[PDB]
2 protein chains.
Amino acid sequence: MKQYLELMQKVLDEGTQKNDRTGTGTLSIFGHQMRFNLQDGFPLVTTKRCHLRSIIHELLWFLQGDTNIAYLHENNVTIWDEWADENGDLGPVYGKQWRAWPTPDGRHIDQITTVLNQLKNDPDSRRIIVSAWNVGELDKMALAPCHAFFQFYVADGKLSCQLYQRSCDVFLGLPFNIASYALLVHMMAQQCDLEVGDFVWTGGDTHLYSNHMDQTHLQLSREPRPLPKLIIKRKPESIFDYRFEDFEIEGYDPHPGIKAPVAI
Amino acid sequence: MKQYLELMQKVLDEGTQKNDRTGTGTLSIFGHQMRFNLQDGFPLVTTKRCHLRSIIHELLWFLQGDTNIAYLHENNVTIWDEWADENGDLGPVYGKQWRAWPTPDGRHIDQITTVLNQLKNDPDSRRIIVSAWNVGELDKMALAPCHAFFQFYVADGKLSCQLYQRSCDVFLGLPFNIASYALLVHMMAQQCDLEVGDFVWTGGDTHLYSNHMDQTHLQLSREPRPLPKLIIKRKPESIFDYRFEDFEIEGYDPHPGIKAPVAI
Ligand SMILES: *c1cc(=O)[nH]c(=O)n1[C@H]1C[C@H](O)[C@@H](COP(=O)(O)O)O1
Ligand SMILES: *c1cc(=O)[nH]c(=O)n1[C@H]1C[C@H](O)[C@@H](COP(=O)(O)O)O1
């Protein structure tokens, strides 16, 4: 997509070399924002082939409150295997925080149902937020939240969403995170009877790993094809009730895949 | 500052009218980013004279872990008087979450000491964060955190910081929020023997209240002056021992005040 490949050239052009937690080395910039208007088409990158099956099942797993990869295995998705323990547990990462944030007085807050309630009854609230950054449980998480905090907004009967992502692997992770949140905005919008508006991505540390530079210059030499269209075939009775089969991605003709290694 | 007045103009040209919780009326946009290169000077606005006594005592009251308006009255700072209860308490707002985030098992995390030890021992970490958005205590706060989440970054011996502001009153709160976080980077960079880098500001619902249109038009025809420079007179023994008389602002020549009403 035009915004994605321009972000990639910017980290190459203004990036600082940094060492990091995995010992791989990155080129990174700090602070960036881009906007995708979802009425122009589904934001799935076309300059390399992305695996829709993984993007959709991880969202569904998140909306169930799950943090164990058994579900993802039943559906042949392996994106989270290198961080799970001997039992498949990842710790209280995204699903648990979204659906059951633990309070100090022994309650648990379902943040997704709260947001859905706000979008219906008080869409002009400036408090429609989901946070996965729970300071008191960070030490029990296998990997700290990269997509940390997001906010909804309603304006001319269109729902928008802005995400703050504190760490971003541009090549491997960011095509998955842009398509995931785009899908969530369409699902929230269908449940609230709102039109889809913009997805705003904001980044903290936006980096390219040193073992991903050939892949990056390869991809960057390719022209974006027309953006795909998403068809949802059913309106379920709640957001927690969607199935993989309700989603059709139409018109996706991407350039070939580019394999790259994940830094653990 | 140029960045500030262009955002003010963008809100008038592009904002949607919204009825807000105050009932005052707002013109809003959603999603904006501005960066200030702190090497170019202290970003205190000059198109209206800003009150620095309030900005610095409020930030020292926050790093003390205080939520009681008593300390601010002792220093004649009036900004938080109308959300405070009969005893002067605001609930566990900013200072309580920065210095003593309550965990579900009765412990407390001091996020400001964690950030100090992270910047001194692991400057490359992509996780140097403090969050005020404690979902388990939101209903106990007098007003929900507007400046909600921030992150620090170190690249070539320089300290940067990005704020996510989820709700922004452009005429009244935003001048104050920018200089507060600028000041904080200076104090953090001095205690960590780092140079200062950028302050990146990202906003969620960014707005201009209805009863501020005249004051905005009056501010929008003034020319920004050269930015001042911030002098810190002594190096305290910790980030917790700074005092009002420790800071100096040289070269600040603002346009007159501009008085305006706050929506409660
Ligand atoms: C986290 C998972 C996700 O959804 N998206 C991502 O981009 N990643 C990343 C970012 C970074 O490259 C790494 C996480 O490491 P760290 O905690 O930031 O040190 O995977
Ligand atoms: C919050 C306090 C601060 O530091 N900065 C701000 O701009 N504000 C604001 C924004 C908004 O006008 C109001 C908060 O109201 P709400 O919670 O967003 O509904 O004060």
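Using the three backbone atoms N, Cα and C, a Cβ is placed for every residue, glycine included.
Feature list (source: Swiss-Prot):
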ACT_SITE  B:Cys146  active site, nucleophile
BINDING   B:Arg21, B:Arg126, B:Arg127, B:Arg166, B:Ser167, B:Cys168, B:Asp169, B:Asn177, B:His207, B:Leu208, B:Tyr209  dUMP binding site
BINDING   B:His51, B:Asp169, B:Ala263  (6R)-5,10-methylene-5,6,7,8-tetrahydrofolate binding site
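Feature annotations (Swiss-Prot) mapped to structure.
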residue: B:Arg21; record: dUMP binding site; Cβ within 10 Å: 13
residue: B:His51; record: (6R)-5,10-methylene-5,6,7,8-tetrahydrofolate binding site; Cβ within 10 Å: 15
residue: B:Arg127; record: dUMP binding site; Cβ within 10 Å: 21
residue: B:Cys146; record: active site, nucleophile; Cβ within 10 Å: 20
residue: B:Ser167; record: dUMP binding site; Cβ within 10 Å: 22
residue: B:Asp169; record: dUMP binding site; Cβ within 10 Å: 21
residue: B:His207; record: dUMP binding site; Cβ within 10 Å: 25
residue: B:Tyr209; record: dUMP binding site; Cβ within 10 Å: 22
residue: B:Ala263; record: (6R)-5,10-methylene-5,6,7,8-tetrahydrofolate binding site; Cβ within 10 Å: 16
Field: Near chain A - the binding-site residues B:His51, B:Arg127, B:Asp169, B:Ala263, filtered by Cβ distance under 8 Å
entry: B:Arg127
- request: List nothing but the largest Cα to Cα distance in Å, as a whole number, among the residues B:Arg21, B:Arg126, B:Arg127, B:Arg166, B:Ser167, B:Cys168, B:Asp169, B:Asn177, B:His207, B:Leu208, B:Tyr209 that the record says bind dUMP.
  value: 36
- request: From the binding-site residues B:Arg21, B:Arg127, B:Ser167, B:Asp169, B:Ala263, pick the residue whose C-alpha lies nearest to the C-alpha of B:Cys146 (active site, nucleophile).
  value: B:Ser167
Message: Can you go through the binding-site residues B:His51, B:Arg127, B:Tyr209 and pick out those with a C-beta less than 6 angstroms from ligand 2?
response: none
Statement: Smallest Cα-Cα separation from B:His51 ((6R)-5,10-methylene-5,6,7,8-tetrahydrofolate binding site) among the binding-site residues B:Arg21, B:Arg127, B:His207 is shown by B:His207
Cα-to-Cα gap, B:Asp169 (dUMP binding site) vs B:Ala263 ((6R)-5,10-methylene-5,6,7,8-tetrahydrofolate binding site), nearest whole Å: 10
Message: Can you tell me whether DSSP puts B:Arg21 (dUMP binding site) in helix, strand or coil?
response: coil
Query: Taking the Cα atoms as reference points, how far is B:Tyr209 (dUMP binding site) from B:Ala263 ((6R)-5,10-methylene-5,6,7,8-tetrahydrofolate binding site) in Å?
result: 8
Query: Taking B:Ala263 ((6R)-5,10-methylene-5,6,7,8-tetrahydrofolate binding site) as the reference, which of B:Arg127, B:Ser167, B:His207 (the binding-site residues) have a CA within 10 A of its CA?
result: none
